[PDB]
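# Per-entry structural report
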Protein chains: 2
Amino acid sequence: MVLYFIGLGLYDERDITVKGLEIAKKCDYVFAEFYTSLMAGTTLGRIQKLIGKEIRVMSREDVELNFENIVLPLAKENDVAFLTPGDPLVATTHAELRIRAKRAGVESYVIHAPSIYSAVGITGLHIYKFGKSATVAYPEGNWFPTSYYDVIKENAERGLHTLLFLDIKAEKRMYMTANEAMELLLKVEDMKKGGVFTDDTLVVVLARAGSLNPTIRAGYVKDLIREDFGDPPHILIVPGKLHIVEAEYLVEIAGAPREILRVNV
Amino acid sequence: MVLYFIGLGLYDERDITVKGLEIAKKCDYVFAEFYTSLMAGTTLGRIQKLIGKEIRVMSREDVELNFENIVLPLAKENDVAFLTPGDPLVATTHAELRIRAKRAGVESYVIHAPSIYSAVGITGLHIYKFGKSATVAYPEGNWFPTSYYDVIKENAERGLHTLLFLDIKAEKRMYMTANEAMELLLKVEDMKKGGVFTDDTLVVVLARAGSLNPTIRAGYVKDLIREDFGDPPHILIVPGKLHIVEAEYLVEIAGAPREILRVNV
Ligand SMILES: Nc1ncnc2c1ncn2[C@@H]1O[C@H](CSCC[C@H](N)C(=O)O)[C@@H](O)[C@H]1O
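The residue numbers you see begin from 1 on each chain and track the sequence as written, which may not match the entry, and residues missing coordinates are not shown. Just so you know, chain letters begin at A and ligand numbers begin at 1, following the order they were written in. Processing note: side-chain calculations cover all non-hydrogen atoms of the structure and skip hydrogens and water entirely.

Per the deposition metadata, X-ray crystallography was the technique used to determine this entry, at a resolution of 2.10 Å.

What follows deals with the interface of chain B and chain A. We call two residues in contact whenever any of their non-hydrogen atoms come within 4.5 Å of each other. Counting residues at the interface gives 54 residues for chain B and 54 residues for chain A. For the pairing of chain B and chain A, the buried interface totals around 4900 Å² over both sides, and the portion due to carbon and sulfur atoms is 64%. Put simply, buried area is how much 1.4 Å-probe accessible surface two parts lose in total, over both of them, once they are put together. Three residues, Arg 14, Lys 19 and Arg 158 of chain B, lead the burial of chain B against chain A; their summed loss comes to 14% of the area buried on that side. Each salt bridge in this description consists of a side-chain nitrogen of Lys or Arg and a carboxyl oxygen of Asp or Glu lying within 4 Å of one another. Applying the counting criterion to the chain B and chain A interface returns nine salt bridges. Measuring nitrogen to oxygen at the nearest pair gives 2.8 Å for the salt bridge that ties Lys 19 of chain B to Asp 15 of chain A. As used in this structure description, the phrase polar contact means that two N or O atoms lie within 3.5 Å; if the pair is within protein, one of them must be able to donate a hydrogen and the other to accept it, and residues adjacent in sequence are counted only when both atoms belong to side chains. The tally of links between chain B and chain A comes to 23 residue pairs in polar contact. Within the residue set of the side of chain B that touches chain A, elements represented by two or more residues are α1 (18–25), α5 (96–103), β5 (107–111), α6 (116–119) and α10 (244–254) of chain B. Here the nonpolar group is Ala, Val, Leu, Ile, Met, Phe, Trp, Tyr, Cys and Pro; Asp, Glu, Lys and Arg are the charged ones; every other residue, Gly included, is treated as polar. In terms of residue class, the side of chain B that touches chain A is made up of 28 nonpolar, eleven polar and 15 charged. Helix numbers and strand numbers start at the N terminus; a helix is a DSSP run of H or I with at least 4 residues, a strand a run of E with at least 2.

Moving on, we come to the relation of the copies chain B and chain A. In the superposition of chain B on chain A (RMSD 0.9 Å, axial shift 0.0 Å), the rotation amounts to 180°. Considering both components of the superposition, the chain copies are consistent with a two-fold axis. When you check the interface residues of chain B against chain A, 94% turn up at the interface there too, and the contact is symmetric in its surfaces. The atoms used to superpose the copies are the C-alpha atoms, and the fit is by least squares.

What follows is the structure in structure tokens.
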């Protein structure tokens with residue numbers, strides 16, 4: 001009769017909360033999805049061992065089209081968990097899953113966990129200054145999507161930071177790197193020429209948030225576009241004008257060039 | 001000689017991540033602050049029992065003025081942890097503390113935890129649609145803060161949602177309720193008359209996120225301004241333009257008036 005939405009956190013199997021782990025261990029059935037994001041610092045095997053339950057992995061279609069026939073039936077007379085990377089209900093379409101639960105006469109509860117939305121705070125950029133967020137998608141065939149470029153434009157114009165998620169094809173396990181994201185953005189700039197993303201734009205790269213040894217780098221596109229940020233996933237941020245305190249953190253912690261202390265403040 | 005910034009999460013001691021607990025259990029000294037937020041479902045004793053350590057609680061002054069004198073000295077020869085509610089670097093000025101650690105020659109690591117910033121996902125509002133965030137501060141003497149009103153205005157103009165952190169004065173054990181925030185906003189509207197926040201404005205209230213039964217309510221200010229949302233902490237959210245599914249969730253899950261289902265596009 002109960003469905004638990006449980007977040008797995010940012011990087012490895014230890015990123016789940018004590019509450020989430022204990023509730024998971026008490027569930028009769030455990031489902032999970034790894035198409036929205038992938039726990040880069042662990043494996044399905046390590047997660048299964050930690051929880052001590054077999055985990056029924058679900059594809060995007062399994063969730064979006066058949067959540068009510070794969071998960072809810074069992075949740076009708078059993079305690080069931082639905083695990084997701086990060087914090088539950090962050091993925092755009094997940095909140096609607098609680099409506100499906102209600103319609104099926106199933107109670108649902110949310111067990112939160114760390115999300116990149118809040119973890120980006122490790123970049124030293126003030127959370128209140130982030131504006132609209134967006135995802136950088138790979139162009140394909142005749143389709144060249146660029147809305148993420150306009151998001152950056154509108155935020156920066158108002159002195160706000162722009163959090164950019166990078167493309168991911170979970171099944172094929174192919175991640176977009178910050179480097180690719182930058183090259184793509186320079187290409188969009190050459191097209192729209194809005195003076196939004198250029199070689200002189202200051203950017204911040206966060207790789208493997210959640211691990212004890214994450215890669216936090218800041219600098220100008222001209223110097224970071226070919227830098228090695230390590231293994232994915234990578235998150236790209238285009239900060240708005242900086243607070244001197246944000247700039248000092250980027251210089252002292254993220255190795256940003258002292259130049260930002262005068263140019264981007 | 002390491003310093004760990006470890007978040008404790010949204011509501012109770014079980015909101016800490018497994019990673020954070022295991023690392024906290026093995027630290028030589030443990031410090032913490034409980035003035036940046038309120039963890040309504042736990043006590044200092046419960047947290048201490050969980051990590052099996054005595055916790056040296058610090059005031060805002062101990063931290064902001066004496067962090068390098070109270071915490072860092074020990075972090076130079078021991079493994080020290082500094083615990084905080086939610087995520088340690090979200091809507092706090094704790095990030096600058098890492099710069100202090102660096103200057104004292106102390107390495108620091110950050111262990112994230114669920115934060116109110118991402119927990120907004122439980123309101124059904126698409127998290128990528130949130131714009132600039134703000135804090136509703138208690139007026140003091142002849143000083144009446146109003147900047148948060150302009151933030152709402154700016155976001156609303158762009159069709160973006162506005163997350164409003166609410167004031168807190170731990171030493172006075174004062175925690176601003178969503179009701180008090182609504183009253184202050186109506187007063188600012190009376191002054192600026194921008195048509196930004198009125199009795200007909202749709203708002204969302206999230207109280208005690210992290211608990212199994214948080215209060216999630218959506219409706220017009222005129223109807224919610226006097227509604228009892230339970231014990232603090234609370235956050236107030238002023239949505240921008242709603243997607244059909246955001247409206248459906250507010251109605252089905254947050255008990256919003258069915259009339260908001262009809263969205264003006
Ligand atoms: N569990 C909770 N439920 C509702 N609001 C919360 C909350 N925890 C924090 N807040 C909101 O945030 C304010 C503190 S701001 C500090 C936030 C913290 N670092 C985090 O990551 O969550 C509170 O005054 C309140 O308005």
